[PDB]
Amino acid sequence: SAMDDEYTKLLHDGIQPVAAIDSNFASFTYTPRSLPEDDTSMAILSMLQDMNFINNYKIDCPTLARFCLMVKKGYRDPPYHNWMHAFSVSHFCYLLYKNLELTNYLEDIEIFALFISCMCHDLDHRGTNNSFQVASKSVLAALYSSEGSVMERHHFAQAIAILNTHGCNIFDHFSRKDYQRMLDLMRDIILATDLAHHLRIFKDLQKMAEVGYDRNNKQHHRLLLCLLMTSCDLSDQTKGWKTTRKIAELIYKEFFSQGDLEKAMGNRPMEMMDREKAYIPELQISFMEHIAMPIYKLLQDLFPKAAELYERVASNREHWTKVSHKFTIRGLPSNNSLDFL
């Protein structure tokens, strides 16, 4: 059993200091995808420790070690929605904690729930979207299509299935009320990763940013958690151009594979999932403009120290404009051949 040996070391070796992971590990400039995948479960532990969640919530170490490994094992390997995505999304949550003073805004348990949700938020993704589940009449659509957010409901349900696995319930010593709270938070935060949900609450997010965050307003806590979750989920776009480029490759590999399947089903894919129609620079500019930039502008409005995140996203969008000409074939292809006609 690979997991068992991995568990043994994770549990008995000690939790590595977060600075020992990387000297800039707690910086917005750090790219968590740089971390070797073999090191990420230990890094999860290091972040949990550094945020003092292990001590504060008296988390049983053997349970926590099993839990983190089970979460890791609960991701498949599509090009984008794999464990390294969830790891990088969790890392950003950690960055938010280390850089933005979330304790002035959120309860301890809410911040804890946010991190755990980040770990779990894409569990068992198959690299297809919600519409595909319905179109392909998948088991997940049979379960959840009547409620919407099919994949996100599945991710949440997988998170709970891991909790309910013997030896993996990191919350099983919580009071009944705290346990109920935690799972309720996990539901809300994971469902909030449906970008359809984000677009639906965006005006409320705007209004909250307009009037000003009210720590006494329970709906403000819920809205902020949604915004932070989305911010973690899209946080690849806040890194350097190179990350942005690689992430685009991964996302479109995944999209186009879905598109191939939709064509094999007799359905016409979304333009952005059709490898014969998708024009990636324009698609990425649209995504940055209509989705990512507004999110990090909201985040900046709420947290002035997040300004650099927004400006980096704006920058990456500018870079798509500048490299777009390169998608037009000038001269001959590099093989000197017009055979592709």
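In this text, residue numbers run from 1 along the sequence as written. The term rigid core refers to the maximal set of C-alpha atoms that superpose within 1.5 Å between the two forms.
When the other structures are laid on the shown form by the core, the C-alphas of 148 to 156 and 161 to 169 differ in how far they drift in 9 other deposited structures of this protein; the larger average drift belongs to 148 to 156. Larger average C-alpha displacement in 9 other deposited structures of this protein, relative to the shown form after a rigid core fit, is seen for 122 to 130 when comparing 200 to 208 with 122 to 130. Look at the C-alpha B-factors of 2 to 10 and of 332 to 340. On average they run higher in 332 to 340.
When the mean C-alpha temperature factors of 295 to 303 and 55 to 63 are read from the deposited coordinates, 295 to 303 comes out higher. As recorded in the PDB entry, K242 shows the highest C-alpha B-factor of the residues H81, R153, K73, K242. Note on the listed residues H220, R181, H197, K263: the highest Cα temperature factor in the record is that of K263.
The PDB entry assigns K177 a C-alpha temperature factor belonging to the highest third of its chain's modelled residues. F202 sits in the middle third of its chain by CA B factor, as recorded in the PDB entry. When the CA B factors of the chain's modelled residues are split into thirds, the value for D122 lands in the lowest one. The PDB entry assigns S145 a C-alpha temperature factor belonging to the middle third of its chain's modelled residues. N267 sits in the highest third of its chain by CA B factor, as recorded in the PDB entry.
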